[PDB]
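In terms of our numbering, the sequence shown has 61 at position 32, counting the first letter as 1, and numbering is strictly consecutive. For every residue, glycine included, the Cβ atom is placed at its ideal position computed from N, Cα and C. What follows is a short report on a single structure.
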Amino acid sequence: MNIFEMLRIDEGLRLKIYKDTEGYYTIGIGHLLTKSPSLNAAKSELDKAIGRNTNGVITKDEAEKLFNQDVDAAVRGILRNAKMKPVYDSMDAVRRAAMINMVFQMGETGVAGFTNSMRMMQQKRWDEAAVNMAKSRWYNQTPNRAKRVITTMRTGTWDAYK
Ligand SMILES: [Cl-]
Ligand SMILES: [Cl-]
C-alpha cells in the first residue's frame, strides 16, 4: 500500500464528468475541474488539462496521468507550506500518506484549518489528534473516508484500508 492505492480507493475512478459530494464537476480519480456550475466551463477546463477535445470523456491512461500530476502537486504543496512542512517532516511514511490524502481532498486551504490537530500531530499525541480531527465539517460530510484517514493518522498502519 502506498498513497496512490490509498487515494484510488478513496476517490474511485470515473471516466466521465461527474459531480463530487460537494456538487463540483470532477473527473478521473478525484480531479476537480471547476467549482463553477457551468458544465461548459467544466468541459473547457477538461480539454485544457488533457490537451484535446475530449467532449467530457477521457481514457483510463489520461485519468492516471492527471492523478500522478495531482499527487505530485499535493506533496509539493505541503513542502512549500511553512506551517505544514515541519509537521510532515516529523512523521513516518504512513502518516505522511494520510496527510497527503487530506491535502489532496481539501486543498492546502482546508487543511490549513487543522492547526490544532497538526500541533498534536507534531507532538506525537495521536489519540488526541484523532479526536480533534473528527470535530470538523470534513468528518461530518464524508465520515467513512474521514474515518479511514483518521485511523491511519492515529495508528500509523494501513489497517483501515484492508
Ligand atoms: Cl491539470
Ligand atoms: Cl466517505
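Report task. Tell me whether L108 sits in a helix, a strand or coil according to DSSP, three-state version. Result -> helix
Requested in this report: Pair every Cβ in the region 64 to 72 with every Cβ in the region 124 to 133, then say whether three or more of these pairs are closer than 8 angstroms.
Outcome: no
Query - Residue range of the unbroken beta strand (DSSP E) whose run includes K48 - result: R43 to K48
Query raised in the report: Per DSSP, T55 is paired with what?
Result: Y47 and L61
Query raised in the report: If we call anything under 9 angstroms between Cβ atoms a contact, is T184 one with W155?
Result: yes
**Report entry** Own chain, CB closer than 6 angstroms to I179, minus 5 neighbours either side, in chain order
**Finding:** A159 and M162
Query raised in the report: How close, in whole Å, do the beta carbons of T50 and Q151 come, if the pair is a contact with beta carbons under 8 angstroms?
Result: With a Cβ gap of about 30 angstroms, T50 and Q151 do not count as contacting.
Requested in this report: Would you check if there are 3 or more beta carbon pairs closer than 8 angstroms linking the region 111 to 122 to the region 71 to 83?
Outcome: no
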